[PDB]
């Protein structure tokens, strides 16, 4: 239940999250009221989860990023790694994954030594072994596709 109009709306809003209701109304052939109300239904049905500025991580002092794959030191202990790691602010994302590892994290940090301290924090807070893959360059990211 996403009609043609809604796909247009989410496509425009993925490319430009600050687009005004009136720019959107003219692209969709709707009134500004019609647009607001379709946008409110997109948000409350959880199709649109929120809006963010895309911040350049380097510009704010995050000069090093990494994938960290984690696996429980004790797989019989309950499985709450994501909730435990939620209070660690340098953890930007957490996915559960098929394979030998349990979770993959994306982590951002100021430097190599800051990474070594963060890995210790991640091993003790989730009781986990870590396998780190350092990112050397981001060619493009977050390019959301609406088919």
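Between two forms, the rigid core is defined as the largest C-alpha subset superposing within 1.5 Å. Numbering follows the first chain given and starts at 1.
Undergrad: With the rigid core held as the alignment frame, decide whether 76-84 or 25-33 lies farther from the shown form in 5 other deposited structures of this protein, in terms of RMS C-alpha distance.
TA: Most displaced of the pair in 5 other deposited structures of this protein: 76-84.
Undergrad: Would you mind working out which of 96-104 and 63-71 sits farther from this form in 5 other deposited structures of this protein by RMS C-alpha distance, with the rigid core as the fit?
TA: Higher root mean square deviation of C-alphas in 5 other deposited structures of this protein is shown by 96-104.
Undergrad: Which is higher in the entry, the mean Cα B factor of 128-136 or that of 13-21?
TA: The deposited B-factors put 13-21 ahead on the C-alpha mean.
Undergrad: Could you check the entry and say whether 116-124 or 30-38 has the higher mean CA B-factor?
TA: The recorded data point to 30-38.
Undergrad: Could you tell me which one of 59, 91, 68, 97 shows the highest CA temperature factor in the PDB record?
TA: Answer, based on the entry's C-alpha B-factors: 59.
Undergrad: Which third of the chain does residue 55 land in by C-alpha B-factor: lowest, middle or highest?
TA: Highest third.
Undergrad: Among all modelled residues of this chain, ranked by Cα B factor, put residue 49 in the bottom, middle or top third, i.e. lowest, middle or highest.
TA: For residue 49, whose C-alpha B-factor we compare with every modelled residue in the chain, the answer is the highest third.
Undergrad: Quick check for you: using the entry's CA B-factors within this chain, is residue 79 in the lowest, middle or highest third?
TA: It belongs to the highest third of the chain when residues are ordered by C-alpha B-factor.
Undergrad: By its CA B factor, does residue 43 count among the lowest, middle or highest third of the modelled residues in the chain?
TA: According to the entry, residue 43 has a C-alpha B-factor in the chain's highest third.
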